[PDB]
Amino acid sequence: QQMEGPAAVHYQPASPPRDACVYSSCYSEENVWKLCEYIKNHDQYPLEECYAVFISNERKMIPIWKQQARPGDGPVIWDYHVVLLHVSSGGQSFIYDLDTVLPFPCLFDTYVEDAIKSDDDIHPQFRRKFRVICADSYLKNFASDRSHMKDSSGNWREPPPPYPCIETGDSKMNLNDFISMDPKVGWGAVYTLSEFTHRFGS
């Protein structure tokens, strides 16, 4: 037997159920944005408890396991991937990944163990870095004109989401500032996998 700060055994999800969420494949930066917007307009949790988390690396080649685009025990290799992190008031963190086969939401430790796994036995060019942006800052500053999703001849590589492009008064396109893992660029903090789990893991 082994015992276990406070536990969120009665955690109420900050989002609608998985099948009720706005979702477009290969637009997880917008899928997470729409979750932040919901949390903002819903008056359930403070937006300051939530973060958008960009996962990528310098070579833009990151494996993620337990992904719906690859059912089974193999990884999907993304150029980048975005999830939502909710640090509940007791300290327990939850991951909202509309693309995972793990629960939605998922306990932070479980998502790190099954979806992310250790970088120790991963070829170093595939190792993951994390940019953590406050959901309030994310809603206030993120902009994407989706131009990165046009193909060789100006057609869509993936069909876009069915709502207008996310815009701010300051920019129509700063997605590269979020995919970048350069701490001298953009908003939020950039962490290695160890720093990320040291920060939010229990």
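From 1 onward, residues are counted along the sequence shown.
Counting the deposited residues that fall between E4 and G5 and carry no coordinates gives a value of 1 to 3. When 151 to 159 is weighed against 29 to 37, 151 to 159 comes out higher, by mean CA B-factor as recorded in the entry. Higher mean CA temperature factor, per the PDB entry, when comparing 45 to 53 with 139 to 147: 139 to 147. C165 sits in the highest third of its chain by CA B factor, as recorded in the PDB entry. Ranked within its chain, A20 lands in the highest third, by CA B factor from the PDB record.
Sort the chain's modelled residues by C-alpha temperature factor and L175 lands in the middle third, per the entry.
When the CA B factors of the chain's modelled residues are split into thirds, the value for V82 lands in the lowest one. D109: CA B factor in the lowest third of modelled residues in this chain (values from the PDB entry).
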